[PDB]
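Let me give you the structure first, and then I'll get to my questions.
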């Protein structure tokens, strides 16, 4: 078993151990490695002889990637030699598994794959290579409703609705992230001495878990009027260009002028299903990309452009390059060019 | 061990012409190095023909003499070897001549117009900026001095064609040559030697005080 | 072995905390009110990571929170884990977490994870293999199998970008607290708390002192305190005053003031350069506020200097106008033009060869920016 | 990347010398490619 | 570990000369070692450790011994390389034992020489590295655990501050960082007096001249100079060191000893003579006519010495004139650099040689530093360029240290984008170089009798002095005909007796 | 383990009949139009001269200093050898093959041929020094004991200080005394630019030689001589004409040996001698 | 003799049928354990060659030689000792081996197999040491049908079972892959409670193996709900 870190590999191993009711042998990969060679082999052979003695058995080896590292260079220190000796010894233990007398099943868990040599993956040693990855939205509901059983809420229905909406707002997060935001909401309620997990508590837990804050400093600073004015004008320009050129899938939701960022502080309502997008959408994206520069050149002139408001037409030029080169809907041709080296010198003035 | 080619008449002709051209361009240049012996070694990996020339801070005129000398074997192969019989033996002298030209244009400042600008040094890993439209001027000067050297060598070697032919024939029939027989050849065959001062272009030559 | 004695640092002994102190007493609550945390169905977050510039007192913060928690304190160097041989480090971290487990309740501290927390696959050597083995062993001790709820680890790194994604995964290192450079009030509090141990006067306004040492770490404030202890024998005065700390801040900001033999035209040239710099600096809003203008030579800078402090908020956010830069280049073109206006074009000196390069670099950056 | 620590003296620079090095290298490589692939 | 516990080190501040700033700074530590209670009553915390950084031979160990002798305290001197062994952990135990021994005999001064061997930075450009790290960590722990009121002073001497760990440079470990600069002219004079007090000296030796004429010389180098002069006097069977012995030792250290009859032909020697005499004559003429702020030719030699076939000793000017290098001074120095090839062109016609290309290199770089790095002309440039060839400033070869150095850009170079400005800069540099070369050729061609007479005199005598060149210039005014020199009975004869 | 296998090479002295058999060797088909004429190879010819002079104890009578006749005869003989080094360095390992020449010349040599491996002096890492010193002194003492002997030292680029001192002392001492002066210390390598210049002295390991890759007529001649020595009569239609000149390659050593072995095995399978 | 080819093709099968047909002793070992430890690095090579020699005429077969004679066998001296011992054993040259080259005691062929022939050293594949090279490739259509019949004999295949119509789905498969396919067909037939293995069983097994490749591990209910999640206008475009 493998996949992204913190998905529940060892948790599934604990589930296997609990559900089996069979002789279970948990072990760690880093336990066997030291200076002195042959002691790793001695430890693992004692483990394998124990598993054979109480067969049938499930031997789970956590973090195979420690001993299982492929030779990625010369091993001057000699630890790699001990790692390889242990690896080949365990492979001989797997090959010594006769189908008539050894009902011993090897269960692994790791976070990386390219460091493993293609020797353990041979048939008869590791036949099934399963990956447990990020669950779908239904899996997200399942894992949060498992994780929200011991957490006190105001009522069951509000708990269900709030967990559902934070499930809709936890995309591309593993189960560890969901239990972390639930635990942090619990921490926030315990700090505020609130017996039930509140709405703002979940919102703030998710906010701190998506890493909005990066300075980590005491937020008390006198903002000048000439900063709030530029922020408000930029946000108004974005709002006007978004309302005049609407996007079918990303409508405006809120707008604030409280934080400093390279991009505007705008927020849109995401709607999945973007199967199709015509050339007019690309043209509108190019138009909307270069908004902050034009408003400041109009109201304030060219001598008042900020550094973060002048880096806006570069994104528009990049989107224009994407439209010209990698859509084929323009008059540049109907080919597809990756920018680095298959651009003949004839096409350079045309692109420009 | 065993020689890579048999000892015949056809194979020896390019090497005989090569060695004779080297000997003639050594002898005709005044105050230059002096040849001792010439021979055609059957089992020499450097080449069948072999020439031993011993030299007599170096000045500009010595470098011009060496640049003229670097074309002698190639010009001898051009006039003597028949068309269809080309030479790869004189390529190393051509590359050395090209190296000498770019050295004495850039490094020492001995350009065709005597400019003291220096773009390269003995410890340097690269040259100066030299722009983009100024490298063509440097290339033109290097081509100019290379062409002047080739023209000078051609002029001083086309006047002694019978001398070169006699040296080739005598080297082919004897396989061992001293300095005395070459002096005899350049004496009886009317060998017109050059005279000091030796300049590659007399349009800018001055004299010491 | 890895245990310390006589831990008495509290939140009072450390200065310039702010709302981070609130998070700090959260840890105290995590060590005191933990039964109410557990009854509300909440798992104790075992991983806190303090990130910031060096010299902010990360070890001091760990000692303070350990003393306020009232539990045993472990502080171990991460460089001891890295060894030229493989295997001893994993045993050391196993024994460390074991002795932390039996000494429950306790809090442990491990500093400078950048030696052992690097990515797996950035160096090809046996040292990298040992680092990977130790990282996996600490990974499996922190979350790997069930059986630890009472030991909490404390981490202090200067570069959080080198941290393994496996470690920052929820359940191992979830709480991330940034300790930044002290602002204004933190500098007052740090200077006062380092100055309690020295006899001091009642007329001592540290406001000007901290207004001189802008953007400096707490260790540098301790250094400023350290240049306010000895140097008074040369004059032999009674009590520490404002001007002594002002001069100490000036010394630690630029260097020692040394006097050497000089001619008059050299002084005229240097003063003309400083005059051009200050005169052009006056006429622009971007650097109008001028505090000092001197021509005395210092350590590393024979030339003079000028001091300007416009509000340091626009530079951090990046809101500087085009007119803000085009003026500054003009300011950096202040010396050379003065030479052209004083000694003629045929007698240009070579003192402005540094500011003129700054002007051309700024022009190129504004063009390509 | 604009040298977030402000200068207390005008002698100091406003942007770091190694900030814009990727753009210079890209322009140099593009110019060299244009020069080499034209003759 | 025999840390020598000497009750009297035998060195006081009277034996330290020219390090007066560091002596004044360390007098505070000497006073603290004398009466620590005076610092205690004031609430003054003494520094935990002091770093003496500087070039070797400046007597940092001698300064520490002087501090220990003046304070009258135990002195524990040990080298950092002695802490680096094969067995891991021995160095940390030695560190702990040394600190314990110092804490037993309070007050005391600990001295670690060559601390950069232990505190080498973990550069990102065996078990010895682990042992060094453990010893450095033990040293950091010991320094951090010091109470200021215990009266133990730690000193660490270093020659390369760049290799030092910045952890040691943090406050609380090395609070004072004192740079031991090379001694000045007065300091070198005092050091020479101290070292000449130990050896029989003749009254004709003027130590002030050798103090002024040897910049950058450390006290150890001056001691070696005195010892070598004594050895020369022993070799010459002199009862005392004469001024000739001093000059011979100076020439032995600077340009090396003379060989025995190792001479080339007359052709390859007259060219070097022409180059050196032309350079000296151009420098003297620029001094005479336009009153240039340039150096002076002391003496010229063509005898091989060390690895140099010829030499021109140049008297170094004061450093106050080495900062405000103006355009006329740089142009005159460019003329001096081009004067060698100018002499080859005016004397040997159009057949020059390689012996004048080296100077032709430096000028070809120097004008570039006029146009790009310094930006002295006023079409403004956008970027400078680094020197493709780098040559170290050195002895009798031309100064090229008028602005501290010639081949050292002050990080003022940028990569180019536009290539047309590069050829414009190249054209301007070629124009300036050609103009200066034409000017120095015109200047040298107007004085041919003096140049040829100096060449012949130097070729005969194999050495000449600057005053002899000046006398040749005085006796030969401009525009004299060459027949006046060619009609003399012996051109290589000088009637002046210095 | 190499000492027991080098001590047991010649456990007993060679039979007197073997001595008389080996002493009377002959030319064996040099002057044939098909294979290995006299001019083609001077290096192996000089090596055979060295071995043959080594066979008859003829280094021990190094020179005479006689009145007029013996000196002139020995002078002419000394000239006609080169157009008397007791130890030869060879450097020709640019292509392939070291055994194919030295065991080719060693079968007629009849003298005990001993190969000492320098790599055994590297794999032993104040006790290691004692082991190496005792081992090398026993090697040299044994090489003295079974004198006359021919010592081959392959891959001298590997050499560490103890063996260097051993060889310097051996070349300094065992060339002016130790009456068995006919001890060949020939040695081979493939990097001639690495050896220190202190081992190229005229007394110590001089007169280097070189071996180049085989040419097509040389390949034909080597093939014919390799096939003829085992009793196989090569067919008189492909070297008497241009038959097999257009097919044979493997233009290096170890290719003609393998091809000869393959062809001889194939012809053996059909019970043929041609 | 050097055996090369894709893994799982049965080179040891060729070695064992060689042993059975020859009727001679056959020394069989594996090359992964030859760089074991410091107790005996290169001594095992000498022992196994001597065991072959004492029962000659015999053969020696070592599996996955790439761990001994690889391109990194010279950087590490521990690999170098075993490689040098191996090179010494495969020749004659009586000194350092102590035996005559041409006798009954040398009739031993060194048989080696590997998966990446390009990772071997040039001096080991050099002629004289390795004479013959055999590349055993993956089977083909009819061979895959026969392998399926061999590995699916003792199972209750239904009347609709035919592997001739599923050959193109198994291009590049080895015998182990087809055996795993048969086993998974048995598992999936058990999964739905079906008594026999249907053609739809093998079709769904292959389809599950194909859908697992791109990272889609979904049951029927999640797949149906996700299909119902999308709209109808954006589905007709994909349909067209």
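Just so it is clear, A, B, C, D, E, F and G label the chains in written order, and each chain counts residues from 1 on its own.
In this text, a residue touches a chain if its C-beta (ideal position, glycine included) is under 8 Å from a C-beta of that chain, and two chains touch if they have at least 3 such contacts.
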Task: Pair of chains with maximal C-beta contact number - done: A-C
Task: Chain at maximum distance from chain F, centres defined as averaged CA atoms - done: C
Open item on the list: With centres defined as the mean C-alpha position, give me the chain D-chain G separation in Å.
Closed with: 55
Open item on the list: Centroid from C-alpha atoms only, then distance chain A to chain E, rounded to Å. What do you get?
Closed with: 60
Open item on the list: On a C-alpha centroid basis, what's the spacing between chain B and chain C, in Å?
Closed with: 70
Open item on the list: For chain C, give me the residues that contact two or more of the other chains.
Closed with: 84, 318, 320, 354, 361, 369
Open item on the list: Give the residues of chain A touching no fewer than two other chains, as numbers and ranges.
Closed with: 75, 307
Open item on the list: Can you give me every chain pair that touches, using the contact definition above?
Closed with: A-C, A-D, A-G, B-E, B-F, C-D, C-E, D-E, F-G
TODO: Could you please specify the touching residues of chain E with respect to chain B in the complex?
DONE: 268, 271-272, 338, 341, 346-355, 357, 360-361, 363-364, 368, 385, 388-391, 416, 419-420, 422-427, 429-430, 433-434, 437, 448, 452, 482
Open item on the list: If we count contacts the way the header does, which residues on chain G are in touch with chain F in the complex?
Closed with: 77, 81, 84, 93, 95-98, 126-128, 131
Task: Contact footprint of chain A on chain C as seen in their complex - done: 18-19, 26, 29, 33, 36-37, 40-43, 45, 51-52, 84-88, 90-91, 120-121, 124-127, 129-130, 132-134, 136-137, 139-140, 143-146, 165-166, 169-172, 174, 176-180, 183, 311, 313-314, 317-323, 326, 369
Task: For the chain C and chain E complex, residues of the former touching the latter - done: 55, 77, 79, 83-84, 197-199, 219, 222-223, 226, 229-230, 232-233, 258, 261-263, 266, 269, 302, 336, 340, 345-351, 353-354, 356-357, 360-361, 363-364
- [ ] Mind listing the chain G positions that touch chain A in their complex?
- [x] 7-8, 32-33, 35-38, 72, 75-76, 78, 176, 180, 215, 217-218, 222, 225-226, 230-231, 234, 237-238
